[PDB]
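Below is one structure. I have some questions about it.
Basis for what follows: all heavy atoms, side chains included, without hydrogens, waters or symmetry-related copies. Numbers restart at 1 for each chain; the letters A, B, ... are given by sequence-line order, proteins then strands.
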Amino acid sequence: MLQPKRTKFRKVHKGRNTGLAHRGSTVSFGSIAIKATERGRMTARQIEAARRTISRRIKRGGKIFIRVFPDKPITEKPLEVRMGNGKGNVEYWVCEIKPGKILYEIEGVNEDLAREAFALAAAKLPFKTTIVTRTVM
Amino acid sequence: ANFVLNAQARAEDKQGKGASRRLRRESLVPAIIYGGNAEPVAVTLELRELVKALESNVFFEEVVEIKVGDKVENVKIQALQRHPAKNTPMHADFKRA
Amino acid sequence: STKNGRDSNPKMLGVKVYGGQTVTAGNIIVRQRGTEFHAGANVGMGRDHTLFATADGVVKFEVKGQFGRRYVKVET
Amino acid sequence: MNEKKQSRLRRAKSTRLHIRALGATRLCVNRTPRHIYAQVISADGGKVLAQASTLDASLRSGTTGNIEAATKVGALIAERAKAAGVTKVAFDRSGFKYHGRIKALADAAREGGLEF
Amino acid sequence: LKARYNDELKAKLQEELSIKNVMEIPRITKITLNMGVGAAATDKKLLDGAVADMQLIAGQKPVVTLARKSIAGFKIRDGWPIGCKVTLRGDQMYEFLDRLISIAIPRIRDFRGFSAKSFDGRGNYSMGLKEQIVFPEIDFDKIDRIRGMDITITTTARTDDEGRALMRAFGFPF
RNA sequence: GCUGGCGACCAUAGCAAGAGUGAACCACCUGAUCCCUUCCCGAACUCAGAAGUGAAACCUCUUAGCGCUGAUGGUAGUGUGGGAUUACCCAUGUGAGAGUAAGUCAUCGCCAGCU
RNA sequence: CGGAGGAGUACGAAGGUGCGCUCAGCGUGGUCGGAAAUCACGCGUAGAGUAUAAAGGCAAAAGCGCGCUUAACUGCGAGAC
């Protein structure tokens, strides 16, 4: 389970998720990649599950690059507790996803195998994705 | 010679955010040509022609001819903007060569 | 229970006279915690880094010097 | 190396800035192992009002590098400044210690009649 | 030395290094002696012993050196004396160096203790000699526990080879 | 045209490398008597000077090598009116940051000395 | 009853003034002495410090030393926040 080793502050504001992904939308490590076409949140458990599925499909014959990291903590109230009395406790970590964000890249694997693995992985994710390949510009 | 792009002029009333969005709804692409010894020129291209040209690897190394009316410019592709989620081309830079 | 919930009263800092306005001697121009602005001609500095006018005239802001400091002055 | 001059200008900076802030006519003096120089400069700091140094034809044939020449240069600058029409000046030692030839020049100017 | 260096060794070094300008000829600038007698906070008399020792050794009043920065592992902290030092220039360093070269190396227990190595890489040479005798000072009587002193020579010689040349011309054992 | 002092301006001006100047000036330089100095030292500050040198240091010139400056076009954001509710679209006004083409080895004032 | 930290003091010098000075880190060499004491020399650098929490500041340093001192005065006070 991915998580920051250390943080400056325990709890952060909710914020708003707007805009597109102008940074991180270009294939840079592998030859083929999967990128999100819709915005949402990605949790550490989802990242782990997708990685495990892809590795099992590709049989550890190539390298997998993970380009999303969960660094935003999310709190929840203990349950059967009334409103007020301070902010809740940290329960899990997420990464904000904007359209165009590349999630995984694969290097050193046949294209059909990579597409099969990505198709398997996409069924575990809470947003719509698409497949891209390296281009000159 | 191998690559010829037909272009129209892009006057000052066709520049800005609204005009560019109208062009892309009409399925054209704005582009800019700059380079040594002359003043930059703004043109517009066709999306299908641009996509077909980019489909081949040799296009990024050769000298291409952009024709707008009677005149003609010999250029090379220098930069390119793509839509982050759809990958459709949106703008192009050409350096005179 | 919580351990937070404290704050201090506001202090109302900031620029009091903007460029192009006329002043009389003694008028306060800038309230600042540190020297964000520095005193130019006909401007004095207080013990809490307040900038005030020492002559009648028109306020002007500029950037000058080798460190690129921001200066305010009064022209007669 | 070069640190002597850098230190000297570092020491001169504070007095020069304070004189500029006060807005007075300045009497800036320079010293070298062979000669002495003195200038009277307007408050804005861009125009020279008067000057005097051992390089003048009167003194250039002498020792030019000791206390006796400093006194004569002080008298000369006092006379020229008084003729030019300046009376109240602030003395600028330019990072040198107020001593020896510097002090002699200042005393000769004061005796000549510049009040400071 | 002194006039010996000025009249003789200048031309000798000039011909040895074949350097055109006379200002390029190396010369020795200063001689620095140091005793860093740590843990003085526990006793406080070894420090006055050390200053008296160097005042005997060299014809100058030594200056005590305080600490900078505090180390908890040792007993040392910021504003107290940790060591002391003397510097020598001009005639004093020439006389001290002459006494060194003449009478120090015979009185030490083991010869060959000094080397032509241990050059800083810019012409300055540091050597630490144990024992405060090998000088014309009072014997074990009237002195506290014996102390060892560091001595650094600083010269205008640019590089190690020129430093070695000047040292050899002056006549250090090595 | 070279040298010194004082300013304007504060990288298109800076840093780094390479080369050059002793007639004058400047600098290194000699000495420690007298004035003055080092929590020790004529190293620094100071005085008395002219045997040496342009080595160092400072000034001057060459170089895009780092640095710095930097368009046009597009993109993001956004005031008003309208249409929608993962927060976007239309009309109208405005418009970055980053990146690209390109540029840069500054430009002026006052006084004094020399050729 | 949102997210994080401090205060209920200290100082006759840690106040005034004149004069003077630059930190931190690293690499080298050098008795005990080492990762790290003190000495000497170079290199890139404000990353040190500012009685105390944080922020805004700090080259005429607002950081650091030395001599003499009591303006840590009395009567006020144009004009502003």
Have a look at A:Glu48 and tell me which of A:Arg51, A:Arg45, A:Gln46 forms a side-chain hydrogen bond (donor to acceptor under 3.5 Å, both in side chains) with it. A:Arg51
Measure the CD1-NZ distance between A:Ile74 and A:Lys11 for me, rounded to the nearest 0.5 Å. 12.5 Å
Nearest-0.5 Å distance, CE of residue A:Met1 to OH of residue A:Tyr92: 12.5 Å
Quick check - list every chain A-chain B donor-acceptor pair under 3.5 angstrom, one line each.
from, atom 1, to, atom 2, distance (Å)
A:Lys35, NZ, B:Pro84, O, 3.0
A:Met137, O, B:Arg82, NH2, 3.2

Could you tell me whether a side-chain N or O of A:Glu105 sits under 3.5 Å from a main-chain N or O of A:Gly30, the two making a donor and an acceptor? yes
Using a cut-off of 6.0 Å, state whether more than 12 heavy atoms not belonging to A:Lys63 lie near its atom NZ. no
Roughly how far apart are A:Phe29 CZ and A:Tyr104 OH, rounded to 0.5 Å? 15.0 Å
